[PDB]
Amino acid sequence: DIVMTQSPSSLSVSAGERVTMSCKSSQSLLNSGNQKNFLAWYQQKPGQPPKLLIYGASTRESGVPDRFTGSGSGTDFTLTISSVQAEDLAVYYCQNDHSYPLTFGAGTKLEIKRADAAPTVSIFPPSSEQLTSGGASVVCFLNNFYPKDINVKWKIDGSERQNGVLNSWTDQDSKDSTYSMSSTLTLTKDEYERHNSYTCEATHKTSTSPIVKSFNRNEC
Amino acid sequence: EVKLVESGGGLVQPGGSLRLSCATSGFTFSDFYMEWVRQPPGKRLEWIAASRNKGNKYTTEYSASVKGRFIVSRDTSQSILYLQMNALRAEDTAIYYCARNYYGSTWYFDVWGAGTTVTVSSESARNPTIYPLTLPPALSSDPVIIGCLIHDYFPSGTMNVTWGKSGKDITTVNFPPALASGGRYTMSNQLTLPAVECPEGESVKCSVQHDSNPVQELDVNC
């Protein structure tokens with residue numbers, strides 16, 4: 001096996017910037033014969049298959065923006081993206097297409113830094129359709145914020161909080177570089193129908209005031 | 001016209017089998033190398049079998065991870081590349097892709113498939129139960145916000161969620177699945193849209209497509 005070393009493995013740039021990830025191999029990918037390196041670069045956007053970027057160490061595949069360039073030969077290759085843009089958010093693999101087994105390198109995630117945005121919040125009561133079955137799930141959606149670090153607190157009725165809470169972050173938006181998260185408190189219809197003022201309130205670096213969508217009801 | 005489509009995937013128990021297939025069209029299959037690549041959940045692309053052009057006898061090659069349990073073959077008349085997977089273990093849970101290993105100057109993978117998810121688990125299938133996410137017209141400030149909670153299902157595999165609505169103003173956010181209490185998942189999917197695009201007594205259908213199975217759908221009232 002021929003190992004491919006990729007670094008850094010995370011890149012955080014502001015876009016409009018110029019970047020260079022590297023990728024060395026433990027063995028030469030260069031023929032002694034045609035003189036061409038058998039190294040490819042693939043871009044993998046969040047939730048899509050990989051797509052050809054550069055082949056040879058340097059040929060840019062038709063349709064790829066001229067922002068992307070790669071150099072090197074033998075063992076140390078690089079990929080420069082000349083003016084980072086919000087779509088560029090992906091993992092970039094380099095691969096040995098020299099011989100078997102073909103190997104890949106760890107990857108290098110490119111994340112975009114942007115100016116702080118603040119969350120829009122929403123509280124959606126548990127559904128009737130669902131009550132009528134045991135559970136009652138209150139979903140809180142926090143949209144379009146940056147940075148991503150955001151704590152969310154669920155004070156059921158009085159002041160409360162717990163391990164009956166699921167939280168999920170979205171990937172970086174490839175349009176604004178903002179995140180989203182949904183936070184879901186799922187208790188029992190009984191349990192549910194005990195208290196009745198249900199709140200959600202995030203504490204984001206943007207504002208100081210804990211941000212808090214709330215709702216009271218449950219008798220109904 | 002160079003297209004690759006792979007199918008055959010979902011749950012299988014430790015010790016079971018799957019036959020993954022990759023429908024290849026738009027080119028002369030009979031003489032391009034076809035390759036299988038997997039992607040475990042928080043990990044690099046890892047390469048597994050390889051077929052060869054009816055050019056030097058459809059020879060194969062397997063990675064150590066799989067040499068002995070996986071078997072690669074092709075239905076040359078039909079233009080399908082197969083991956084017989086015997087003796088799965090949890091370790092094999094990944095998105096599996098077929099790729100064309102093109103050769104001109106150099107070798108490279110010019111076309112990849114979309115993937116197919118194989119979860120190797122002892123657990124068992126629970127289809128989601130889609131619940132509507134709407135707000136009492138005492139909560140909508142316009143734009144309206146609607147969603148579907150896709151709830152308590154197994155495996156996670158892959159979930160495509162679509163709305164019976166699109167255009168200019170109308171965003172969809174699909175949140176990744178989260179493991180709850182049970183060893184089962186939940187996801188949500190919200191659709192925000194011009195309030196005059198989701199008035200009343202109307203409704204927009206949210207469609208979930210999970211791994212390998214039939215579409216499942218709900219109509220959520222605005």
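Backbone-built Cβ (ideal geometry, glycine too); neighbour counts: all protein chains shown. Every read-out reported here was derived from the displayed coordinates using simple, explicitly stated rules and does not represent laboratory data.
Where both residues lie in chain A, what percent of DSSP beta bridges are antiparallel, nearest 5? Spell out each step's value before the answer.
Details: 63 of 68 bridges.
Bridges in chain A that DSSP calls antiparallel: roughly 95 percent.
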Please find, in a Gaussian network model of chain A (springs between Cα atoms separated by less than 10 Å), the residue of A:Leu52, A:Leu89, A:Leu142 whose mean-square fluctuation is greatest. A:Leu52
If every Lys and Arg gets +1 and every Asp and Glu gets -1 at its Cβ, then about the Cα centre the protein assembly as shown yields a dipole, in debye to the nearest 20, of 1140
With point charges of +1 on the Cβ of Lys and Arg and -1 on the Cβ of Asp and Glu, referenced to the Cα centre of the protein assembly as shown, which listed residue (A:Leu102, B:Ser7, B:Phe154) lies farthest in the positive direction of the dipole? A:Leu102
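Based on the alpha-carbon gyration tensor of the protein assembly as shown, what equivalent-ellipsoid semi-axes (square roots of 5 times the eigenvalues) come out, in whole Å, largest first? Please report the intermediate quantities before stating the final value.
Values: eigenvalues 383, 139, 71 Å².
Ellipsoid half-lengths, sorted descending, are 44, 26, 19 Å.
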Step through the residues of segment A:89-101 one at a time and calculate ³J(HN,Hα) from phi using the Karplus curve (6.51 cos²θ - 1.76 cosθ + 1.60, θ = phi - 60°), rounding each to whole Hz and writing x for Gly and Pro. 4, 6, 10, 10, 9, 10, 9, 7, 10, 7, 7, 6, x
Non-local amide H neighbours of B:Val5 (under 5 Å, H modeled in plane, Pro and chain starts lacking H): which ones? B:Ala23, B:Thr24, B:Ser25
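Averaged across the residues of B:100-108, what count of C-beta atoms belonging to other chains lies within 10 Å of each residue's C-beta?
6
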Using +1 at the Cβ of each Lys and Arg and -1 at the Cβ of each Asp and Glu in the protein assembly as shown, identify which of B:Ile80, B:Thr28, B:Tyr103 lies farthest towards the dipole's positive end. B:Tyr103
Go through B:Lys3/B:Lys168; A:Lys189/B:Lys205; A:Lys148/A:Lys213; A:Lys36/B:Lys54; A:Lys24/B:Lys43 and tell me which ones have a Cα-Cα distance over 28 Å in this structure. B:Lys3/B:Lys168
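Do the sum for the protein assembly as shown: with -39,500 (n - 2.57) for every DSSP H run of n ≥ 4, divided by all residues, what is the mean residue ellipticity at 222 nm, to the nearest 500 deg cm²/dmol? Each step should come with its number before you reach the end.
On the way: 2 runs with 8 residues, N = 442.
Helix-only estimate at 222 nm: -500 deg cm²/dmol.
Please tell me the relative contact order of segment A:1-114 in percent, rounded to the nearest whole number, where contacts are Cα pairs under 8 Å and at least six residues apart.
Working: 284 pairs, mean separation 43.1, N = 114.
Computed value for segment A:1-114: 38 percent relative contact order.
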Placing unit charges on C-beta atoms (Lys and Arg positive, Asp and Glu negative, everything else neutral), compute the dipole magnitude of segment A:1-94 about its Cα centre in debye, rounded to 20. 80
Under the rule that a partner needs its Cβ under 4.7 Å from the first Cβ, which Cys of chain A have none? A:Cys220
For A:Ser197, what residues show an amide H to amide H distance below 5 Å, using hydrogens built from the backbone and excluding near sequence neighbours? A:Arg217
In segment A:167-220, the trypsin sites (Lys or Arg not before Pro) that fall in loop regions by DSSP, at most 12 other Cβ within 10 Å: A:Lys175, A:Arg194, A:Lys205, A:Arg217
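Take peptide A:98-105, look around each residue's Cβ out to 10 angstrom, count Cβ atoms belonging to other protein chains, and average those counts.
Values: counts 2, 2, 6, 12, 13, 5, 7, 2.
Per residue, the average neighbour count from other chains is 6.
Relative to 2.2 N^0.38 Å, what does the C-alpha radius of gyration of chain A come to as a ratio? Two decimals please.
Values: Rg = 24.0 Å, N = 220, 2.2 N^0.38 = 17.1 Å.
That works out to 1.41 for chain A.
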Derived scalar couplings ³J(HN,Hα) [segment A:125-138; Karplus, 6.51 cos²θ - 1.76 cosθ + 1.60; whole Hz; x for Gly, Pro]: x, x, 8, 5, 2, 8, 3, 4, 6, x, x, 6, 10, 9
Proximal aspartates and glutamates relative to A:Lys175, as straight alpha-carbon distance under 13 Å, when same-chain residues fewer than 8 apart are discounted: A:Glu87, A:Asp88, A:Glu111
Which far-off residues, 5 or more places away or on another chain, put their amide H under 5 Å from the one on A:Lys113, with H placed in the peptide plane? A:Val13, A:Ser14, A:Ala15
Integer Hz, Karplus 6.51/-1.76/1.60 couplings in order for segment B:136-142, x for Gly and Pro: x, x, 7, 9, 8, 9, 6
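Residue by residue through B:197-205, how many Cβ atoms from other chains fall within 10 Å of the Cβ on average? Before the final figure, lay out the partial values.
Numbers: counts 0, 0, 0, 0, 0, 0, 0, 0, 0.
Other-chain Cβ atoms within 10 Å of each residue's Cβ, averaged: 0.
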